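Following this are structure 1 and structure 2, which are two forms of one protein chain, each written alone as structure tokens.
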Structure 1
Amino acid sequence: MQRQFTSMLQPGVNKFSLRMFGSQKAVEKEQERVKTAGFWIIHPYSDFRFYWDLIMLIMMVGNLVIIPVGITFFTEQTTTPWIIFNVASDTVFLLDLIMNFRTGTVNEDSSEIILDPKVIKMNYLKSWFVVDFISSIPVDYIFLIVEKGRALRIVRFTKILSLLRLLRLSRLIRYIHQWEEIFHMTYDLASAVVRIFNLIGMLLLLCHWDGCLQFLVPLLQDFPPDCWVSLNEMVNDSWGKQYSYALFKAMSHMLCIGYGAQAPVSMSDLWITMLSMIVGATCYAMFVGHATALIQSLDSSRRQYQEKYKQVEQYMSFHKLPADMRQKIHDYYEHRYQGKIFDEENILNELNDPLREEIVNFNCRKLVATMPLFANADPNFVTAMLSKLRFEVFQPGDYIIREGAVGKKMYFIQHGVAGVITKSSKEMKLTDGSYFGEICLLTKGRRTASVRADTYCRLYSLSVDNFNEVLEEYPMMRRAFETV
């Protein structure tokens, strides 16, 4: 029905279009846009364009493998099975040429998709149409028909024309790039992994085509007596032995492992071998470049923690700190960050208000809810107070607060054992989940006791400056703080 026919050719409401246009009402504006651009236009982000390009990619990967083998290793392509393959492929590649006059273009400025038929047509003619045309039509068969109005020169010149089909590769590169840009904003892709697998496919294809070229240049010269096919005495072999040898010869040149059975002798074999070496050595260097970029993407977190740490070593070196002070700093960094590099202030600033209060409640509510000052309070005050907590780590034997020093912060133990000490009492231990320093909120001057970390304390602190800032916004709580 025409409802499904026009539904297929407009950008459907899905994961990708919602993220590209911003809302279902933005998608439904772009739909209305194409539904009024002209008759039977195709949006680049349509399901029809997806499924067509998926058929094209399966056609192209098949033709670019089979075509140079069929031209090189078989005596003629005028038999029925080869006529059927080449006519069936060429009509599909000609439908694709026609649909490119119907399909809108994504703009480099992300502006409103080009959908006027006169601009979609005019931009294709100024770009890919000539390369897409001469690789779509059966140029070898129309030339052969024009010749019907010696045979072994025509049967050889048509092989060179028959390879104009290899320019389909330009559509393969273009249509792969367009669907990778779409799957990137859909499926959470590592860019270096995607670029590695595209290059491996291209390298295997170049090796395959060089393999055909190694035999094709001898074939077009009628296998002269100084070429590798004559020297290895394999002109009369089956197509599968000839192909396997030619592929082995190409792969040997391109990996720079050797020449095949012997070094070249004829001028054609010299220059085809040197071409293969230069192309293969260039392609291997690009592969090593991609492998290096993939490997650097894979331990970036560890690299970055080591760069951070090595700047801490530079600081201690510049100040000439003693070896036991350096070990104490190193030991603090390992307990405080646990090998992880992140910047908490940047990460929390990038979030929204719902995500920040959800993270803060997960970290801190199980600590602060147990304290009698907060067990009485309204949740919208508690969430505001928990956002002022600062995480601190202390090593064994550190004084967290000293008796007689001025109080400025309270502390809540997440982990580790502390101990409070005074001349008037025993050394009372405090453990994971407890709190201390609380009196500093509601006083001035001296702390009454010393608190010292017995194990590695992990703890949250609240300062008087922040506790007062969070009570300027809650006057109904300040009266209870002065009365409990």
Structure 2
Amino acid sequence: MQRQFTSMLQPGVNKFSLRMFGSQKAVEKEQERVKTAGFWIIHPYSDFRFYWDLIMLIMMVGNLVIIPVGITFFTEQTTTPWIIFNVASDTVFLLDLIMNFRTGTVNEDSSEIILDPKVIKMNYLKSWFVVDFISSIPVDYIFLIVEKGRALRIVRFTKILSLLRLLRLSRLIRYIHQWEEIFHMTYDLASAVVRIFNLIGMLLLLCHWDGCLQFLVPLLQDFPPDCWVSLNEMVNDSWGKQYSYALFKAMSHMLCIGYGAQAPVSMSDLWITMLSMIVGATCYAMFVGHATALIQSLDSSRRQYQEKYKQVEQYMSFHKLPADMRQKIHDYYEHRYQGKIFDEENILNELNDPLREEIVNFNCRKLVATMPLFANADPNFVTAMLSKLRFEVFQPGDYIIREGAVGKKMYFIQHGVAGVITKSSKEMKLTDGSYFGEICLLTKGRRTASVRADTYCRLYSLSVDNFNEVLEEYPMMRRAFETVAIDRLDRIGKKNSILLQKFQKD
């Protein structure tokens, strides 16, 4: 029913509307703002405005292609099918002029949309209306009717008047730059791709119009004996032969190849050729510019990784490091970053709490399932530890811990193997999902066995200040870490007295 048509002129509820205004409670307020204004106003983001702009764009490219050819290569632009086509394609561009008095303008000053008739009618007439009117009315047929109540000059002047219809190109530029931002906001296609597909449309269009101009000036001069058409003896050839040749001549100038058969011979030809050369050669330089901007946007991640790693060689060479040590540094960069560039501490800081909580669970589900102390704890404790772990990598043969130092960290093994070493201990191994380094952080003493990486291993580490911050909020968990610690100190025979005293009569 007609109420579904009355709903087509107000703003919609597609994801663009939500991105521009926020929640549905902002969209439904702006939707009433329209309905409570004057008798009809079209919202610039309405489905009606958007389908109208597509109907215009599809028809307007057709008109900017056909009109130059129908003016240039034909006599009798007052015959039946041309009178029908130019009348029909005048009405739609005149309805478009009417609807621009009743469309709400977006403001570059970032306000709410102007959305009122007395503001819109004043804002439009002070801008594009002078070009929009001249390009809409049939000035050539109006002039022909006024002059209707020797004669060959009238056919030349009405040809020159009819070319005012090319000013539609202003609407093609205005409607693309608005319609493009809606698609570019919603569908995320890259800047240089969109800019190139606009510029390829302009190159072909300027080239097509030049390929008409190069024949139109000879025609308005009545084919003088010195011009290219008369020297090539092609005044009476079919229109497709003449057009194919004039377009070849026009794009030969643009791509800088030559000028067709021979160099210009007359004054008109000389000055049309130079204008075409300048417009062509300055337009192809803008294409080389956009091609360069495209190519440099595509390798961004690879380039930034190379530009980062080249800076490490500046440091290694300034300190004059040995060639085997350079290899350990180069190899570590492959195992820690896998050729990808990012800054984890910068990205994780822009996300809110509940995304950061979800990502930091997914990286660690192997520990949470495999390791016994997390597997039965309250989930508000497990998320209090996993949010404070930091990620580290060790190469085979490196010591993570040495005996007789102090403090700072403990480690959980995400992947790989680490060995535990002490006097008279023989040897011992820790696999994936286990943890080490807790004794120094509980007892406040020195370290009691060395630990060494047996394969390329991924560890998560927890610092002494963060470890106490978690356990002070959950004192039931400290007893679990202590009742594991006292058992490990029994196997190694170290039997430390302060922890054994700290457990008694709990």
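Under this definition, the rigid core comprises the largest set of C-alpha atoms superposing within 1.5 Å between the forms. For residue numbers, the reference is structure 1: its sequence is counted from 1.
The residue among 375, 267, 200, 142 whose Cα moves by 2 angstroms or more between the two structures, once the core is superposed, is 375. With the core held fixed, residue 405 shows a CA shift of 2 Å or greater between the two structures. For residue 435, a C-alpha deviation of 2 angstroms or more is recorded between the two structures after rigid-core alignment. With the core superposed, residue 8 shows a C-alpha displacement below 2 Å between the two structures.
For residue 395, the Cα deviation between the two structures after core superposition amounts to 1.6 Å. Superposing the rigid core and comparing between the two structures gives a CA shift of 5.3 Å at residue 479. A C-alpha shift of 0.4 Å is found for residue 170 between the two structures, based on superposition of the rigid core.
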